[PDB]
> 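My questions will all concern the structure given below.
Position 1 is the first residue of the sequence, and the numbers go up from there. Quick note: numbers below take in every heavy atom, side chains included, and nothing from hydrogens, waters or symmetry partners.
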Amino acid sequence: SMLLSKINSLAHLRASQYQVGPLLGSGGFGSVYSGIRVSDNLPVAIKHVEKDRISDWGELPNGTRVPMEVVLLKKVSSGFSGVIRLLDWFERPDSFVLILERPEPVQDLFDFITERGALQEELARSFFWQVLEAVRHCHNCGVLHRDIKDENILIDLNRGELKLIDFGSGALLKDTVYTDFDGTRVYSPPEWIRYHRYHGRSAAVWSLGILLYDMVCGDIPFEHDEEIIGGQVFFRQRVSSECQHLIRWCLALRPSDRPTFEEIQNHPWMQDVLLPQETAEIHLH
């Protein structure tokens with residue numbers, strides 16, 4: 001179908017280009033469709049955002065009123081990185097339309113883990129390193145993602161490159177305390193469960209601990225609030241002592257006890273990371 005200005009642009013005798021196909025393959029209910037930029041046949045993802053469901057608005061360099069999601073995407077879509085770039089957007093009477101990159105072939109990290117189970121530590125190290133670099137990029141651009149998880153990471157299977165998606169829960173980065181959070185219970189950091197307060201960078205490091213465990217174990221470590229605040233990590237799979245050490249450090253109960261990004265990337269487990277193309281050749285081809 002032709003992407004037109006409005007859903008009802010053809011409703012009357014009175015009358016880049018994008019072609020739109022079906023919903024992108026999903027067991028969920030996201031409003032993301034397969035697309036093509038007609039000029040150059042570039043694959044895109046076409047995401048719709050319903051105005052009456054936007055809880056967080058902001059302003060562009062323009063000084064123009066858009067979903068916070070558009071503000072954040074524009075900030076991180078500068079240059080090249082492990083973030084899915086916003087290529088274009090426009091406003092409709094009752095929604096916004098976002099045109100995003102679409103690598104081909106692609107699989108999200110959740111489906112990858114379903115299919116392949118617990119990842120080898122060399123693969124987990126390449127993947128985790130790439131997510132750390134992508135999150136640092138977001139922070140340097142003044143953006144806090146607030147929902148880092150396997151479901152929000154795309155794998156570009158040919159290049160071995162990871163890409164963050166879905167800034168729908170994110171915020172402008174600040175160094176002061178946050179009192180709002182939109183994530184699910186099994187991904188809450190302990191300081192949110194106990195106090196409804198967190199700092200952005202230290203809550204991100206929590207989410208990264210959950211993700212590293214997820215990669216090397218094949219599922220997240222906690223189901224219940226009492227597990228999140230209890231301070232015990234059980235390993236169900238074989239994991240190296242140095243990988244266990246880094247996970248337990250990221251999942252410190254007290255935010256101040258969590259490593260900085262420098263301390264994570266200088267950790268013994270994080271030495272000798274593969275290049276993305278190496279990763280694809282050994283693990284994904």
> When you group the ILVMFWY residues by side-chain heavy-atom contacts below 4.5 Å and let the links chain together, are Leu73 and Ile99 in the same group?
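The answer is no; the residues belong to distinct hydrophobic clusters.
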
> When rounded to the nearest 0.5 angstrom, what is the spacing between CG in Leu10 and CG in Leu13?
11.5 Å

> What pair of heavy atoms forms the shortest contact from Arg92 to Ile7, and how long is it?
NH1-CG1, 3.6 Å

> Let me see the working for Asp166 and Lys47 under side chain to side chain contact (heavy atoms under 4.5 Å, CB included), right down to the final yes or no.
CA-CA 10 Å; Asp166 200 352; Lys47 175 177 203 189; 3.5 Å; yes

> Report yes or no: is the cationic atom of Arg85 (NZ for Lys, CZ for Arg) closer than 6.0 Å to the six-membered ring centre of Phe80, at no more than 45° off its axis?
yes

> With a 4.0 Å cut-off on N to O distance, would you call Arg125 and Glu122 a salt bridge?
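Salt bridge: no.
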
> To check you understand the geometry: which heavy-atom pair defines the closest contact between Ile165 and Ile153, and what is its length?
CG1-N, 4.3 Å

> Please report the C-alpha distance between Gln277 and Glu161 in whole Å, then the side-chain angles of each, then the deciding distance to 0.1 Å, and finally whether the side chain to side chain donor-acceptor pair (under 3.5 Å) criterion is met.
CA-CA 8 Å; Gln277 203 53 67; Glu161 286 177 35; over 6 Å; no

> In terms of ring plane angle, is the pair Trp249 and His267 parallel, tilted or perpendicular, where the classes change at 30° and 60°?
tilted

> Could you tell me whether the side chains of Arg146 and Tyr198 share a donor-acceptor contact shorter than 3.5 Å?
yes

> To the nearest 0.5 Å, what is the distance between CG (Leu119) and OG (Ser126)?
10.5 Å

> Judged by modelled atom types alone, do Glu227 and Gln232 share a side-chain donor-acceptor pair under 3.5 Å?
no

> Do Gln265 and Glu133 have side-chain atoms, one donor and one acceptor, less than 3.5 Å apart?
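Per modelled atom types, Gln265 and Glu133 side chains form a pair under 3.5 Å.
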
> On the 0 to 90° scale, with breaks at 30° and 60°, tag the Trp269-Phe128 ring pair as parallel, tilted or perpendicular.
tilted

> Looking only at heavy atoms, which two atoms of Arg194 and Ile229 are closest? And how far apart?
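In terms of heavy atoms, the two residues are closest at CG-CG2, 4.0 Å.
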
> Just how far is it from atom CG of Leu246 to atom OG of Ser241, taken to the nearest 0.5 Å?
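So the CG of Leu246 and the OG of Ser241 are separated by 12.5 Å.
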
> Run the numbers on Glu263 and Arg258 for salt bridge (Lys or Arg N to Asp or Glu O under 4.0 Å), then give the verdict.
CA-CA 9 Å; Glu263 279 167 326; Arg258 295 184 204 138; over 6 Å; no

> Which word best sums up how the rings of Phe235 and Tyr213 line up, parallel for under 30°, tilted for 30 to 60°, or perpendicular for over 60°?
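Tilted, since the angle between the ring planes falls between 30° and 60°.
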
> Go through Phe261 and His139 one step at a time and tell me if the ring pair (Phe, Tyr, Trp, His ring centres under 6.0 Å) criterion holds.
CA-CA 11 Å; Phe261 279 99; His139 294 175; 5.6 Å; yes

> State the OH-CD distance between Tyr187 and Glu151, to the nearest 0.5 angstrom.
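Here the rounded value is 6.0 Å.
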
> Check the pair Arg116, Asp111 against salt bridge (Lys or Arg N to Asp or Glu O under 4.0 Å), reporting the backbone distance first and the verdict last.
CA-CA 9 Å; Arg116 289 186 48 171; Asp111 284 344; over 6 Å; no

> Is there a side chain to side chain contact (heavy atoms under 4.5 Å, CB included) between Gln130 and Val273? Walk through the geometry before answering.
CA-CA 10 Å; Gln130 285 189 51; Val273 63; over 6 Å; no

> Got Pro67 and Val70 here, is their nearest side-chain heavy-atom distance under 4.5 Å?
yes

> Which heavy atom of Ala280 sits nearest to which heavy atom of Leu157, and what is that distance?
CB-O, 3.9 Å

> Looking only at non-hydrogen atoms, find the nearest pair between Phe167 and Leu72 and report the distance.
O-CD1, 3.9 Å

> Any sub-3.5 Å donor-acceptor pair from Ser39's side-chain atoms to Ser16's backbone N or O?
no

> Between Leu172 and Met68, is a side chain to side chain contact (heavy atoms under 4.5 Å, CB included) present by the stated rule, with each step listed?
CA-CA 9 Å; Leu172 296 173; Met68 184 51 58; 4.2 Å; yes

> Is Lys149 close enough and on-axis enough to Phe110, meaning under 6.0 Å and within 45°, for cation-pi?
no

> Rounded to the nearest 0.5 Å, what separation is found between the CG atom of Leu132 and the CG atom of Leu212?
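Reported to 0.5 Å precision, the distance equals 8.5 Å.
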
> With side chain to side chain contact (heavy atoms under 4.5 Å, CB included) as the criterion, how do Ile155 and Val106 come out once you've worked through the C-alpha distance, each side chain's angles and the decisive distance to 0.1 Å?
CA-CA 6 Å; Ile155 312 161; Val106 67; 6.0 Å; no

> Tell me the closest heavy-atom pair linking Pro103 and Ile84, and the distance in Å.
CD-CD1, 3.9 Å

> Which value, rounded to the nearest 0.5 Å, describes the distance between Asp94 atom CG and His48 atom NE2?
13.0 Å

> Hey, do the aromatic rings of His196 and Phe181 have their centres closer than 6.0 Å?
no

> May I ask you to test the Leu23-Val32 pair for a side-chain heavy-atom distance under 4.5 Å?
no

> Hey, what's the ring geometry for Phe96 with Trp89, parallel, tilted or perpendicular (30° and 60° as the breaks)?
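It falls in the tilted class, 30° to 60°.
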
